[PDB]
Structure formats: C-alpha cells, structure tokens
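J.: What follows is a single structure, and I will ask about it in a moment.
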Amino acid sequence: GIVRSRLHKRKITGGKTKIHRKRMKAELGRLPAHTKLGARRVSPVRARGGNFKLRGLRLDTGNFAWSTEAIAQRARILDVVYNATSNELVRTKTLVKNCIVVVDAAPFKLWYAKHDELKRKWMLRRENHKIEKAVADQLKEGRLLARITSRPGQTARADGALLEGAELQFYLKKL
Amino acid sequence: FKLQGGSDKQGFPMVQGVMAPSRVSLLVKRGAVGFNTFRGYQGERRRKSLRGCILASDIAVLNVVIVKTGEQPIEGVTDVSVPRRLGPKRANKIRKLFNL
Amino acid sequence: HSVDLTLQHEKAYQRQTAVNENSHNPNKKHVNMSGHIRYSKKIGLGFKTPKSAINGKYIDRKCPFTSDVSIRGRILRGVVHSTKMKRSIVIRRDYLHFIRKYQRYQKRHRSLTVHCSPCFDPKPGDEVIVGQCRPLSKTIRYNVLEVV
Amino acid sequence: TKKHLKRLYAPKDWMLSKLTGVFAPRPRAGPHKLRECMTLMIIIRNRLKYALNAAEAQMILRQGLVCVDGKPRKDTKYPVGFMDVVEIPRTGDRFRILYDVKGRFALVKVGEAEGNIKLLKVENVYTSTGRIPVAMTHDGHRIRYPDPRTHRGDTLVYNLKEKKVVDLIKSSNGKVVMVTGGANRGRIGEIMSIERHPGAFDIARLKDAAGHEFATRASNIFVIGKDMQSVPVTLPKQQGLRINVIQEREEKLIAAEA
RNA sequence: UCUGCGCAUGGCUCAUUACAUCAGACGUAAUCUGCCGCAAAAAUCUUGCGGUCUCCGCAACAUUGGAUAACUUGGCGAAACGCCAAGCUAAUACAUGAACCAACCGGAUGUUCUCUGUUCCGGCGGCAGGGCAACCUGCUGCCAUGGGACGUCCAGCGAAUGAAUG
RNA sequence: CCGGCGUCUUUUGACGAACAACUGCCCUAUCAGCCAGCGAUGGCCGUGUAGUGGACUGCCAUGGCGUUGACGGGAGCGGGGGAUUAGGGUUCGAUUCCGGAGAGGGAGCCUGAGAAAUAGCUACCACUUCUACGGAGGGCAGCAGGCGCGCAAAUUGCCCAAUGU
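Protein chains in written order, with UniProt numbering: chain R, 2 to 116, 157 to 216; chain Z, 51 to 150; chain X, 11 to 158; chain C, 2 to 259.
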C-alpha cells in the first residue's frame with residue numbers, strides 16, 4: 002500500500018486532517034526501478050487501462066543522437082560519470098533521465114566518413170559545415186560524453202542525445 | 051515402475067516440488083494440484099495443506115505405472131487390454147490414422 | 011558559445027525543453043529581435059505578452075511565456091502582500107459578504123500562493139491579474155499573467 | 002458504472018409517471034446523450050401504442066421491424082435524438098422527430114423524398130493519418146468533407162441510402178435557426194448579431210417572425226437554411242412561435258365548446 | 001462440461017467526517033475508458049506437387065499443429081463448495097501462418113553503362129628518378145553546373161528518442 | 001450468386017471513472033499561538049503514477065497560517081426539502097431522489113475496462129461451529145425469523161403478471 006495523496010500530510014495552517022475513508026487503487030505507487038548496466042531484463046506490469054508498461058532492469062545498450070547532423074545511431078553505454086540527483090546513483094551505475102554517461106563512439110566516427158558519383162556529395166555536404174573542436178578531441182579518442190534523455194524505468198530502453206558546445210563545457214568543468 | 055504420488059491418511063495429496071517427508075502449507079492456484087479449477091472464481095488461490103515428495107510410513111496409497119515389464123504378469127492389467135473410449139473427430143487426424 | 015554563471019547555479023544544467031540550443035548554424039528566424047535562439051509563446055485570452063519575456067535571458071519551465079503551461083479557466087485579481095521565496099509571491103484578496111437576516115455587509119479576506127515569473131518583479135500593494143493552471147506545487151494553482 | 006435509471010431521475014420530456022414501477026430504461030451509449038433523447042421502447046409503447054407493455058415492445062423490435070436511419074435495430078433500448086428519421090415499413094408511417102414549442106418532443110410525418118434526407122451539424126474538424134481531413138458531429142464521423150470544405154458550427158445535408166450531398170449552409174447573418182437546450186428550444190428564428198467572448202461562452206442574439214426577439218448561446222444553435230422558403234425539411238404545425246400564457250389559455254376555453 | 005459475457009450495478013445501513021464532505025458555477029492542453037454509435041485496414045514468402053545437394057524446378061481456392069474437460073478405471077478421506085494416478089476426444093479455447101493477384105509517394109547507393117566534360121587554374125590520384133614518400137621533377141587517367149537507363153538495400157498501423165514543418 | 005452473424009488492430013464520440021477548487025455553512029477563548037529531528041512553505045535535476053503535484057528521494061533556501069478567530073475540543077453524514085408563520089424569523093432533515101462512506105475490528109492482495117470487492121482471497125486480534133481430535137470452517141448494517149437491549153417498531157406468506165437489470 003503506497004499512496005499518492007495530500008490526506009496523510011498536514012494543512013497549510015499546521016493542523017492535521019482526519020480520515021473517513023480507506024485507500025484506493027486510484028492512488029497507487031510502485032517501488033522504484035533501478036536500471037543498471039548489463040544484459041537486457043524486463044519486468045512487465047499492467048496499468049489501469051489494460052496497457053502494459055515495461056519496467057527496465059540492466060541496460061548496456063543505447064541509442065544516441067547528434068543534434069545538428071539530424072541522425073541517430075546505436076552505441077554501448079560504458080561508464081556512468083556524473084549525475085546531479087545524487088552521487089549514490091553514479092557509484093551504483095544506475096541510469097535515470099538527464100544522467101551523463103559515456104558511449105562507444107564508433108558508429109558516429111563511421112558515419113562522418115560519408116559526410157563514384159558519391160565523390161561529389163562528399164564535397165557538397167562537407168561544404169557549409171564545420172565540426173566543433175570541443176566535440177573533435179573526444180570523437181577521435183574513441184569515447185564521447187552523451188546524455189540519456191529517455192526515462193529507462195517505464196519504457197525499458199535508453200535513448201539519448203549528444204553534447205555540443207554550451208552543455209558540454211558545463212559538464213566537463215565538474216569532472 | 052515410476053512414481054507419481056497419491057495420498058495421505060487424511061487424503062491430502064503429495065507434491066513433486068516440495069522436499070520433506072512432512073505436511074506443509076502453501077498457496078495453491080486454480081491450475082495447481084491441491085486446488086481444483088472449477089472450485090473458486092477466476093484469479094483465486096487458497097491456502098491448503100498437503101504433503102511433501104519424500105515417502106514415509108504416513109502414506110495410505112501411492113500410484114505408479116508399468117515401465118519395464120518383467121516375468122510374472124500383473125493380473126488383469128497386462129492380461130487385459132481396454133480400447134479407447136471414442137475415435138478421432140478431426141478431419142486431418144482420420145487421414146493420418148488410415149494413412150490414406 | 012560559452013556558458014553563463016548567472017543563469018547557472020544548479021548541479022544540473024538549465025535549459026529550455028522546447029528548442030534546439032545545440033543549435034547551431036541557425037535556421038530561423040525564431041529568435042528574438044536578434045540574438046541566440048529562444049522559445050517564447052503567445053498566450054491568448056486577450057492578454058498580450060511582455061516585451062521582456064521574448065528578449066529575455068531567463069530559464070523558467072513554469073511561466074506560460076516560455077513554457078508549455080497553459081492558462082485556461084478562472085481569471086482573478088488581487089493585490090500583493092509579501093515578496094518572499096523564489097518565484098513564489100503571495101496574493102491577498104478582499105471582498106464583502108451579506109447576511110440576509112441583518113441586511114448588512116461584512117468584510118472577509120482570502121489569500122493565495124501563486125507563481126511569479128522572473129520577467130515581472132511586482133512590489134507589495136501593486137495590483138495583478140492571474141490565471142488558472144494545473145498544480146505546479148502543493149498550494150500553487152495559479153500563475154501571473156499581467157501586473158498593473 | 003450505473004446500469005439503472007429511475008422514474009424521478011429521468012427527464013420530464015418522456016412523460017412517464019411517478020407511479021407504476023420505480024424504474025425507467027437507461028439507454029445505451031449511442032449517437033446521442035442520456036439527458037436529451039427518446040429511447041425506442043418509450044416511443045413505440047407510450048406514443049404510437051403498438052405495444053401496451055414491455056414484452057409487446059421487444060416482440061416487435063427484436064424481429065428487425067423498426068429502422069432508424071435505414072438500419073434495422075434489434076435492441077429494446079437505443080437512443081434516438083433530434084434530427085433522425087424512423088421508418089417502420091409494416092404500417093406505412095414515417096417519423097422525423099424534432100422539438101416543438103413548450104420545449105417538448107414532437108413527431109412529423111414525411112413522405113418518400115425526405116425519408117432519405119437528414120441534416121448534421123459540425124462539432125469539430127480534425128486531421129487524421131495521410132493528411133485526410135475529418136469531421137465529427139452528433140451521429141458519427143463520416144470522412145473528408147467537401148461540399149466546399151469550410152468550418153465549424155455549420156450544417157450539412159446528408160443522404161442515407163447513398164451520399165448525395167446537396168450543398169450545406171453556414172452560420173452567418175440573415176439565416177434561419179432552430180434551437181436545442183437552454184429552456185428556449187422548440188423555437189425558430191433569424192440570426193442578427195453573434196457576440197464572441199474569448200475563452201468563454203459565446204452569446205447570440207436572434208429574432209423571429211413579428212418581432213418578440215430573444216437570445217441564447219451559440220452551441221444551442223443549429224442552422225436550418227438560408228431562409229424559411231429555403232428549408233430542406235418539414236416542420237410542425239407551430240412555426241416556432243411562443244405566444245403569451247394568457248392568449249393560449251383564452252383560446253383553449255373558447256374552442257372547447259364543440 | 002469446455003467456451004464467451006455479467007455478478008465493481010441493484011439492495012441495506014449513518015459509525016467515522018468541518019480548505020473534511022457537499023451544493024451552485026467552472027476546469028482537465030494533466031488523464032484512463034469493456035459493452036454501444038459511426039469510420040478505417042494495399043506490411044509480412046505460406047501451401048501442394050516432383051527431385052535432391054542442405055537447395056531447386058513446377059503449380060495455386062492454404063485438405064495447419066499440439067493439448068484438456070465432461071465419460072470410463074483404480075481410488076484416498078471421519079468430515080470438508082476436500083483431493084489424487086491412469087486411459088479417451090473437441091473449438092470462435094490455445095498455438096501457428098498465407099506468394100503472385102495488390103497501387104501511389106520518398107530515402108540511401110553501385111568502382112553498373114551511356115547521353116557526356118562544351119570543362120581549366122584546382123582536386124582525386126595512378127607511376128618512375130632523388131623516394132627520408134617532406135617534397136621537387138618528368139609521365140599519365142578522370143573529375144571540376146550535369147540526365148537517361150539498369151541493379152542493390154530500406155519504406156504499413158501503433159510506440160520510444162533526436163532533428164525539421166505546423 | 002446473394003444475405004445475416006461473429007472477432008483481432010487503429011482512430012474519436014458519450015456511458016463512465018479519477019484528479020483540481022471560485023463562493024457558502026453549527027457551538028466553544030475556563031482553546032492564542034499553530035507549523036521543520038519524522039516535509040512544515042518554496043526552488044532545481046530526478047523517481048513514481050493512467051496523468052498533474054513534497055506524491056516521494058537527493059540537494060538548496062526560510063518560508064507558510066492566525067483576533068476579518070488559526071490550532072485544539074464538543075455536537076453532526078451533506079443537499080433537494082419538512083413543521084410553524086402577516087412580515088422579519090426559529091427549528092428539524094437517520095429515512096423514497098441526488099452525492100459520500102461502510103459491510104465484526106485493522107491491514108495486505110489477486111482478477112478485470114472498472115474493485116483495495118468481503119454471499120472474492122491472505123494474515124492477525126475479538127467472538128464462534130463441527131470432529132472418528134488427524135483436521136475442516138463461520139460473518140444478516142440483503143429478505144423473512146430469532147436473541148439481547150430499550151419508554152418503542154410486522155409474515156420463518158404468494159408471484160415474476162406489471163416496472164427494470
């Protein structure tokens with residue numbers, strides 16, 4: 002019996018309310034999902050429409066996206082580094098939305114080759170474009186800093202984005 | 051022979067999975083072997099009492115099945131054959147039977 | 011670009027959800043006089059946005075002027091009582107009441123705890139007009155539209 | 002979830018008694034609401050009197066002898082709202098239900114042509130997969146929608162055996178209206194000025210033959226035609242005129258002599 | 001007896017209970033929703049025949065698959081809306097699975113060939129001499145606005161994340 | 001060749017559900033300070049849920065309410081309405097309709113579109129039944145009918161014909 006209500010709480014006036022009712026299934030919490038690094042496990046439950054959702058446990062694999070190149074490609078989450086909710090979550094290698102983590106880098110490096158007849162395209166696309174120097178050093182070395190933007194306790198997948206100038210400098214300076 | 055289990059002197063059945071020579075208590079779903087399907091409503095389970103896998107002197111009956119067949123006939127079960135109650139009804143089956 | 015230190019003070023990074031700040035070579039215009047990219051939102055009900063909000067620096071996910079908070083129902087007035095807290099101001103109202111037996115009037119107050127965007131900075135005793143919203147905090151159910 | 006309706010929680014417009022059972026039929030979800038409609042068994046029994054009691058009703062209905070909108074309806078209960086057409090072959094009767102003065106449901110009788118004609122308002126207009134435009138009304142969707150696209154609150158003309166859509170009519174000044182809801186319904190009028198109040202209920206101002214003008218809201222308005230010679234459908238003996246309480250009373254007296 | 005639907009409604013009672021309940025007036029762009037109304041749906045290499053090398057040739061209206069109750073046989077228990085072993089057989093239960101017929105629209109591409117470069121200054125190089133492959137020299141091919149055909153991979157509804165339109 | 005049924009998936013209406021609060025309501029000051037260790041008011045990133053939210057975790061601020069009666073206590077299910085009445089009022093509303101809550105006292109849970117369901121399940125406490133003592137059960141504030149209690153309240157009938165599900 003986990004509940005979500007204001008009934009158990011105090012008033013604004015510092016008083017205390019008295020009940021006349023039990024508790025419902027309308028109000029309902031369930032115990033946190035903690036989603037780590039490791040082979041995919043899933044723990045499906047059912048909601049109040051008859052619609053399943055997928056509590057994720059242990060996700061080592063990801064999907065991550067450039068902004069500005071308008072692509073997404075896979076990668077493998079390697080290590081967790083910074084989390085702003087707690088340092089608890091860091092050390093346990095758990096994954097929450099807006100957590101900062103490390104990725105394989107490979108598929109991005111690959112794709113940026115391509116940015157016969159093809160030989161003209163590799164000029165035209167590479168024209169009117171530069172890549173950040175911030176981004177560069179990382180991408181080369183074979184590891185990147187990326188950010189998961191999915192909630193990976195209620196979809197059982199991690200998805201993310203990738204960090205360019207502004208965001209990136211704000212994170213690096215913590216580390 | 052092989053073993054399959056049977057009953058206690060109180061008529062409480064034996065369970066494969068439980069290990070003990072003794073009676074215990076467990077929740078039992080509709081489809082399970084201590085609570086019948088048609089008793090209770092859907093989703094229902096009850097607390098029952100039932101006997102472990104290991105045999106002891108407390109057994110009142112036990113059931114088993116011929117596997118390997120020896121010398122002297124066991125009377126009226128290896129000397130009597132009883133046919134199937136009903137034939138197949140399903141199309142494809144009737145063909146697979148006669149091999150036609 | 012490089013990052014502020016007066017719009018950043020938090021462990022996590024402060025940004026708008028709506029629009030792409032990572033931007034870059036900017037594809038436009040979406041942006042505000044002219045300046046780095048920013049999201050701003052024209053709410054109706056006959057209210058017209060601040061100049062300030064559009065051109066602002068600030069990062070707020072609770073104002074209707076740069077976030078997806080929608081103002082819908084009841085529309086109220088009142089004055090200001092106390093500027094305390096961070097973005098959360100406190101409204102007083104005053105109004106009368108009538109008892110049929112006596113045939114005379116009577117005075118009463120209520121009070122409310124409302125949200126104030128950092129776009130405004132109204133002082134105690136100023137009038138205000140506010141709007142209905144979905145719960146943004148335990149007490150808070152309204153958000154400022156317009157100051158007087 | 003509620004499966005039972007009672008006689009004192011049911012509308013006055015059905016004209017059931019306090020006495021004679023404590024229960025009334027609850028019509029299902031359907032083309033129309035619970036707070037305005039007339040359910041099937043209520044029509045048949047209490048009006049047309051081809052059933053004297055409950056058993057009688059279903060002994061008609063369940064054999065598929067009663068058809069609203071060209072589709073036979075087995076069910077005992079099933080609502081039938083404003084601007085539908087009920088056709089029962091066996092008799093040779095046809096009804097087009099409507100409202101009438103004193104706010105109360107009425108029954109017209111129509112011939113061949115208008116047993117296939119109907120009207121539909123527009124509640125909302127929205128877009129679906131493949132960029133296919135859609136409308137929504139009281140009864141049903143139906144798809145795209147030219148006759149020439151336009152806009153909400155307007156009124157169409159719908160044919161039931163197949164779609165032949167004659168044109169449509171819009172909400173604009175000098176047109177004609179019949180009303181629903183609001184304790185002002187069962188009347189007919191023109192359209193003078195429409196006030197628009199943003200975020201809030203929108204108020205209309207109307208008129209009718211030989212003055213005595215009035216007002217209502219704008220979601221109680223249902224268009225009919227451009228003019229009162231331009232109507233697609235037939236109307237009751239009263240033309241949607243209220244006349245004064247004293248006038249009515251007096252007249253009923255004088256004619257009672259027989 | 002299996003299957004599908006319903007028993008969360010109706011009945012009965014006021015014990016708790018004052019930003020609590022409730023009435024009048026509003027809101028959900030913060031949400032779910034079986035039965036009912038109306039309306040939609042162009043995804044998927046399946047089956048039979050013949051041979052066999054696993055994979056092919058030849059056809060076209062899919063002759064799909066595996067189980068379990070009632071029943072019978074042994075029964076157990078003092079009782080119990082308590083129960084067990086074995087043998088039988090069904091589906092709108094449960095589990096599979098459908099080519100051509102059958103459309104419109106877009107992406108990414110081949111060291112594919114042919115209209116072609118009208119086209120050089122640079123690029124991509126390809127080679128030898130010095131070659132430390134820094135580069136200098138000499139030699140050499142193609143490209144520097146393009147479009148036609150042929151071939152390959154991807155494309156439906158719904159859901160997640162990131163760009164763009166609104 | 002033609003027709004009537006049935007079902008999977010998608011979309012949105014009304015049959016519903018859940019959540020939020022602008023205004024209002026008995027008596028008491030021999031109840032004047034009430035709210036943060038154990039969330040009190042707000043802020044930031046998260047978590048959870050059908051979804052919004054101190055609903056909850058971590059971190060950071062010091063606020064919130066009140067003599068225009070807070071907090072505490074006493075009486076009480078709320079409303080439509082009833083009785084009395086020139087008028088102003090006083091008083092009652094358990095009880096036919098509408099809303100809420102409950103099913104010996106507490107808690108936890110399954111199934112399902114919807115329940116914290118009790119003529120569903122699990123455990124404890126109080127009470128209680130049958131037994132071959134090895135065990136297995138019960139819940140009338142549903143209709144009749146008892147027992148106790150109190151100044152005080154009906155048949156252990158007939159029927160689905162009517163009115164509904």
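The C-beta atom is built at its ideal place from N, Cα and C for all residues, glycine as well.
#1: Thinking C-beta only, is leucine 6(C) closer than 8 Å to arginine 27(C)?
#2: Would you list the one or two residues that DSSP bridges to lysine 79(Z)?
#3: Any beta carbon of chain X sitting closer than 8 Å to that of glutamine 210(R)?
#4: Kindly indicate which three-state DSSP category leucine 159(R) falls into: helix, strand or coil?
#5: When you compare only the Cα positions, how much space is there between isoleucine 89(C) and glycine 116(C)?
#6: Against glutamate 168(R), what residues of chain X qualify as contacts under a CB-to-CB distance less than 9 Å, listed in chain order?
#7: When DSSP labels each residue in this structure, what does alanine 70(Z) get in the three-state scheme?
#8: Short check: CB of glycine 183(C) to CB of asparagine 245(C), under 8 Å?
#9: Taking any Cβ of chain X, which residues in the region 31-46 of chain R have a Cβ under 9 Å from it, in chain order?
#10: Just to confirm the assignment, what range does the beta strand (DSSP E) spanning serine 44(R) have?
#11: Determine the direct distance from the alpha carbon of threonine 149(X) to that of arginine 120(X), and round the result to whole angstroms.
#12: For the pair the region 58-72 of chain X and the region 104-114 of chain X, tell me if three or more CB-CB distances fall below 8 Å.
#13: Could you give the first and the last residue of the continuous beta strand (DSSP E) run that contains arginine 92(R)?
#14: So, does the CB of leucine 155(X) fall closer than 8 Å to a CB anywhere in chain C?
#15: Three-state secondary structure (DSSP) at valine 232(C)?
#16: Which residue's Cα is closest to the Cα of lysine 171(C): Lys165(C), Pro149(C) and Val86(C)?
#17: Taking the continuous beta strand (DSSP E) assigned at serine 194(C), which residues delimit it?
#18: Should the region 88-108 of chain R be regarded as contacting the region 23-33 of chain R, the criterion being three or more beta carbon pairs within less than 8 Å?
#19: Measure from the alpha carbon of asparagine 54(C) to the alpha carbon of each residue in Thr21(C), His33(C) and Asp85(C), then state which is nearest.
#20: Can you name, in chain order, every residue of its own chain whose Cβ lies under 8 Å from the Cβ of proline 145(X), other than the five neighbours on each side?
#21: When burial is assigned at 16 or more other CB atoms within 10 Å of the CB, is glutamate 205(R) buried or exposed?
#22: Return the chain-ordered ranges of every alpha helix (DSSP H) run that is complete within the region 85-134 of chain X and spans a minimum of 4 residues.
#23: Quick one: what does DSSP say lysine 17(R) is sitting in, helix, strand or coil?
#24: Please report the straight-line C-alpha distance between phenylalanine 109(R) and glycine 131(C), rounded to a whole angstrom.
#25: For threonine 69(R), go through chain X and note every residue whose CB falls closer than 9 Å to its CB, in chain order.
#26: Within the same chain, show all residues whose beta-carbon is closer than 7 Å to that of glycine 39(R), passing over the 5 residues directly before and after it, in chain order.
#27: Indicate whether the contact test is met: 3 or more Cβ pairs, each with one atom in the region 108-118 of chain Z and one in the region 55-73 of chain Z, closer than 8 Å.
#28: Which chain X residues sit within Cβ distance under 7 Å of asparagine 99(R)?
#29: Closer than 8 Å is the cut-off here; do at least three beta carbon pairs connect the region 122-140 of chain X with the region 92-105 of chain X?
#30: Got a sec? Which residues, its chain only, sit under 8 Å from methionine 69(Z) by beta carbon, not counting five neighbours each side?
#31: Whole angstroms are fine: how far does the CA of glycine 190(C) sit from the CA of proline 237(C)?
#32: Any C-beta of chain X within less than 8 Å: which residues of the region 50-76 of chain R qualify?
#33: Note down the Cα distance separating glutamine 26(X) from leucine 8(R), rounded to an integer number of angstroms.
#34: Throw me the rounded Cβ distance for the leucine 120(C) and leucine 66(C) pair, which I believe falls under 8 Å.
#35: Excluding the 5 residues flanking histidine 116(R) on each side, which residues of the same chain have their C-beta closer than 6 Å to its C-beta?
#36: Would you mind working out which of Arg73(Z), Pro71(Z), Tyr91(Z) and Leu100(Z) sits nearest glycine 84(Z), comparing C-alpha positions?
T.: Reading it off the structure:
#1: Cβ atoms of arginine 27(C) and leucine 6(C): closer than 8 Å.
#2: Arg95(Z)
#3: yes
#4: DSSP places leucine 159(R) in helix when its eight states are reduced to three.
#5: 11 Å
#6: Here the premise fails: no neighbours, minimum Cβ distance about 12 Å.
#7: coil
#8: no
#9: none
#10: 42-47
#11: 14 Å
#12: Cβ pair count under 8 Å is below three, so no.
#13: No beta strand (DSSP E) holds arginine 92(R); the alpha helix (DSSP H) holding it covers 89-93.
#14: no
#15: Assignment of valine 232(C) by DSSP, reduced to helix, strand and coil, places it in the coil class.
#16: Answer by Cα proximity: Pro149(C).
#17: 189-195
#18: no
#19: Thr21(C)
#20: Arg151
#21: buried
#22: Secondary structure within the region 85-134 of chain X: not one fully enclosed alpha helix (DSSP H) run of 4 or more consecutive residues is present.
#23: It is a strand residue.
#24: 33 Å
#25: The contacting residues are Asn30, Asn32, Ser33, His34 and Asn35.
#26: Cβ neighbours of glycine 39(R) beyond the five flanking positions: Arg59 and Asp61.
#27: Touching, yes, given that three or more Cβ pairs across the two stretches are closer than 8 Å.
#28: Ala22
#29: yes
#30: The answer, listed in chain order, is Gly102, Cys103 and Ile104.
#31: About 15 Å.
#32: Result list: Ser68 and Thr69.
#33: 34 Å
#34: Their Cβ separation, rounded to whole angstroms, is 26 Å, which puts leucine 120(C) and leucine 66(C) out of contact at 8 Å.
#35: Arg166
#36: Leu100(Z)
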